[PDB]
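Okay, so here's the structure we're looking at.
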Amino acid sequence: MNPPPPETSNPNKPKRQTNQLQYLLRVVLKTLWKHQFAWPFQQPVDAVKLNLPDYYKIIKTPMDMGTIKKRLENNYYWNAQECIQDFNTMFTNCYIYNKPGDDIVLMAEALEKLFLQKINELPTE
Ligand SMILES: O=C(CCC1CCCCC1)Nc1cc(NS(=O)(=O)c2cccs2)cc(-c2csc(=O)[nH]2)c1
């Protein structure tokens, strides 16, 4: 069973655009998206499709790059750190749901390294 995907809009929450957020979409996300190991992370985990009936029994704060992309496109975030936290939640979810050495974990590990490389330096405000 699948819960609703994470919100990509919220009228109670203030919107913002910054140079760093623009960069997170244009450069960081859109480059990671093209990586050979990006595909498991491009949409919310579908526990019915993927036959992971316990996915959402284990993962209580799901996150994926499809959601992050939409949030960035919608100016959902206040700042870059908020967006960066979503990427980190996505990676840690993978390490939590699986186990060390798994192919899926090797994929997340490679993506996380590339992610860190790209956010090491962000544009100035
Ligand atoms: O995301 C997908 C498919 C996305 C999509 C890709 C393009 C077209 C068809 C489906 N599969 C998938 C399978 C699987 N199960 S798997 O055995 O096929 C697998 C093992 C190593 C990589 S995927 C897991 C996960 C997963 C994402 S986060 C997490 O912790 N797990 C994802």
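By convention in this document, the chains of the structure tokens carry letters A, B, ... by their order, each chain's residues are numbered from 1, and ligands are numbered from 1 in the order they are shown.
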> Counting only C-alpha atoms and all ligand atoms, what residues are within 7 Å of ligand 1, given as a PyMOL selection string?
Replying inline: chain A and resi 39-41+43+45+50+93-94+97-98+102-104
Take the residues from that selection and put them in a file with N, CA, C and O atoms, as a PDB file, in the first residue's frame.
```pdb
ATOM      1  N   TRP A  39      17.708   6.259 -12.079  1.00  0.00           N
ATOM      2  CA  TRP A  39      16.348   5.777 -12.323  1.00  0.00           C
ATOM      3  C   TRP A  39      15.526   5.268 -11.112  1.00  0.00           C
ATOM      4  O   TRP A  39      14.324   5.514 -11.061  1.00  0.00           O
ATOM      5  N   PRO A  40      16.151   4.588 -10.130  1.00  0.00           N
ATOM      6  CA  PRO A  40      15.309   4.151  -9.005  1.00  0.00           C
ATOM      7  C   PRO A  40      14.777   5.317  -8.170  1.00  0.00           C
ATOM      8  O   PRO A  40      13.843   5.143  -7.377  1.00  0.00           O
ATOM      9  N   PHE A  41      15.365   6.494  -8.360  1.00  0.00           N
ATOM     10  CA  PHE A  41      15.120   7.630  -7.488  1.00  0.00           C
ATOM     11  C   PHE A  41      14.366   8.753  -8.188  1.00  0.00           C
ATOM     12  O   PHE A  41      14.229   9.842  -7.632  1.00  0.00           O
ATOM     13  N   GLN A  43      11.167   8.857  -9.037  1.00  0.00           N
ATOM     14  CA  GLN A  43       9.742   8.897  -8.708  1.00  0.00           C
ATOM     15  C   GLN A  43       9.553   8.264  -7.341  1.00  0.00           C
ATOM     16  O   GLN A  43      10.425   7.529  -6.879  1.00  0.00           O
ATOM     17  N   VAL A  45       8.641   5.674  -4.545  1.00  0.00           N
ATOM     18  CA  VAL A  45       8.573   4.224  -4.516  1.00  0.00           C
ATOM     19  C   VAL A  45       7.116   3.774  -4.597  1.00  0.00           C
ATOM     20  O   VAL A  45       6.273   4.187  -3.792  1.00  0.00           O
ATOM     21  N   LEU A  50       6.592  -2.403  -7.345  1.00  0.00           N
ATOM     22  CA  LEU A  50       7.919  -2.933  -7.021  1.00  0.00           C
ATOM     23  C   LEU A  50       7.879  -4.127  -6.075  1.00  0.00           C
ATOM     24  O   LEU A  50       8.916  -4.731  -5.798  1.00  0.00           O
ATOM     25  N   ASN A  93      17.053   7.283   3.358  1.00  0.00           N
ATOM     26  CA  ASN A  93      15.953   6.315   3.241  1.00  0.00           C
ATOM     27  C   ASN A  93      16.418   5.041   2.569  1.00  0.00           C
ATOM     28  O   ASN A  93      16.041   3.933   2.965  1.00  0.00           O
ATOM     29  N   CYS A  94      17.231   5.203   1.532  1.00  0.00           N
ATOM     30  CA  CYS A  94      17.722   4.055   0.799  1.00  0.00           C
ATOM     31  C   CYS A  94      18.604   3.183   1.698  1.00  0.00           C
ATOM     32  O   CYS A  94      18.483   1.949   1.695  1.00  0.00           O
ATOM     33  N   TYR A  97      16.201   1.425   4.270  1.00  0.00           N
ATOM     34  CA  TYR A  97      15.287   0.383   3.803  1.00  0.00           C
ATOM     35  C   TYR A  97      16.017  -0.882   3.360  1.00  0.00           C
ATOM     36  O   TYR A  97      15.442  -1.979   3.366  1.00  0.00           O
ATOM     37  N   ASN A  98      17.282  -0.724   2.986  1.00  0.00           N
ATOM     38  CA  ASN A  98      18.050  -1.818   2.425  1.00  0.00           C
ATOM     39  C   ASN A  98      19.166  -2.232   3.372  1.00  0.00           C
ATOM     40  O   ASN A  98      18.989  -2.161   4.588  1.00  0.00           O
ATOM     41  N   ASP A 102      24.113  -3.773  -0.995  1.00  0.00           N
ATOM     42  CA  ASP A 102      23.050  -4.008  -1.970  1.00  0.00           C
ATOM     43  C   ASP A 102      23.286  -3.158  -3.217  1.00  0.00           C
ATOM     44  O   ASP A 102      23.792  -2.040  -3.116  1.00  0.00           O
ATOM     45  N   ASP A 103      22.914  -3.681  -4.384  1.00  0.00           N
ATOM     46  CA  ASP A 103      23.007  -2.914  -5.622  1.00  0.00           C
ATOM     47  C   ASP A 103      22.304  -1.557  -5.493  1.00  0.00           C
ATOM     48  O   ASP A 103      22.848  -0.529  -5.887  1.00  0.00           O
ATOM     49  N   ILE A 104      21.108  -1.545  -4.913  1.00  0.00           N
ATOM     50  CA  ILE A 104      20.371  -0.289  -4.776  1.00  0.00           C
ATOM     51  C   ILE A 104      21.139   0.710  -3.909  1.00  0.00           C
ATOM     52  O   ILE A 104      21.134   1.911  -4.179  1.00  0.00           O
TER      53      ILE A 104
END
```
>> as a list in words, please: the residues near residue 54 (chain A) (cut-off 10 Å, only C-alpha atoms, same-chain neighbours under 3 positions excluded).
In response: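 In the requested form, the answer reads residues 1, 2, 47, 51, 57, 58, 59 and 97 of chain A.
Nearest residue to residue 3 (chain A), choosing from A:56, A:33, A:23, A:76 and counting only C-alpha atoms: A:56.
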> If you run DSSP on this backbone, which residues of chain A come out as helix (DSSP H, G or I), and could you give them as a count of residues only?
Replying inline: 65
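Nearest to residue 35 (chain A) of all the residues A:110, A:73, A:121, A:116 is A:110, based on only C-alpha atoms.
Residues within 10 Å of residue 77 (chain A), counting only C-alpha atoms and excluding same-chain residues fewer than 2 positions away, are residues 8, 9, 13, 14, 15, 16, 17, 18, 21, 68, 71, 72, 73, 74, 75, 79, 80, 81, 82 and 83 of chain A.
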>> Applying 12 Å and only C-alpha atoms, which residues near residue 117 (chain A) remain after dropping the ones on its own chain fewer than 5 positions away? List them as JSON, numbers by chain.
In response: {"A": [27, 28, 31, 32, 110, 111, 112, 122]}
Those residues with N, CA and C atoms, as a PDB file, in the first residue's frame please?
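In the end it all went to again_3.pdb:
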```pdb
ATOM      1  N   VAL A  27      21.376  22.883 -12.410  1.00  0.00           N
ATOM      2  CA  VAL A  27      22.638  22.168 -12.439  1.00  0.00           C
ATOM      3  C   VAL A  27      22.611  20.874 -11.629  1.00  0.00           C
ATOM      4  N   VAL A  28      22.334  20.966 -10.333  1.00  0.00           N
ATOM      5  CA  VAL A  28      22.466  19.782  -9.492  1.00  0.00           C
ATOM      6  C   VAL A  28      21.455  18.690  -9.827  1.00  0.00           C
ATOM      7  N   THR A  31      21.507  17.420 -13.628  1.00  0.00           N
ATOM      8  CA  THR A  31      22.680  16.620 -13.958  1.00  0.00           C
ATOM      9  C   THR A  31      22.609  15.235 -13.302  1.00  0.00           C
ATOM     10  N   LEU A  32      22.292  15.178 -12.004  1.00  0.00           N
ATOM     11  CA  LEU A  32      22.101  13.895 -11.311  1.00  0.00           C
ATOM     12  C   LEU A  32      21.076  13.020 -12.015  1.00  0.00           C
ATOM     13  N   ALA A 110      26.738   6.197  -4.995  1.00  0.00           N
ATOM     14  CA  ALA A 110      27.354   6.892  -6.120  1.00  0.00           C
ATOM     15  C   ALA A 110      26.682   8.234  -6.373  1.00  0.00           C
ATOM     16  N   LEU A 111      25.355   8.261  -6.274  1.00  0.00           N
ATOM     17  CA  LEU A 111      24.617   9.495  -6.493  1.00  0.00           C
ATOM     18  C   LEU A 111      24.912  10.510  -5.400  1.00  0.00           C
ATOM     19  N   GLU A 112      25.039  10.028  -4.170  1.00  0.00           N
ATOM     20  CA  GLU A 112      25.314  10.917  -3.045  1.00  0.00           C
ATOM     21  C   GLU A 112      26.674  11.590  -3.199  1.00  0.00           C
ATOM     22  N   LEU A 122      28.122  26.450  -4.125  1.00  0.00           N
ATOM     23  CA  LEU A 122      26.915  26.992  -4.718  1.00  0.00           C
ATOM     24  C   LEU A 122      27.169  28.448  -5.100  1.00  0.00           C
TER      25      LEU A 122
END
```
>> I need the residue nearest residue 91 (chain A) from this list: A:108, A:52, A:114, A:119. Use only C-alpha atoms for the distance.
In response: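 Closest to residue 91 (chain A) of all the choices is A:108.
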> Nearest to residue 37 (chain A): which of A:123, A:106, A:53, A:115 is it, counting only C-alpha atoms?
Replying inline: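 Ranking A:123, A:106, A:53, A:115 by distance to residue 37 (chain A), first place goes to A:106.
Candidate residues A:26, A:60, A:49, A:34 were compared for distance to residue 90 (chain A), and the nearest is A:60, using only C-alpha atoms.
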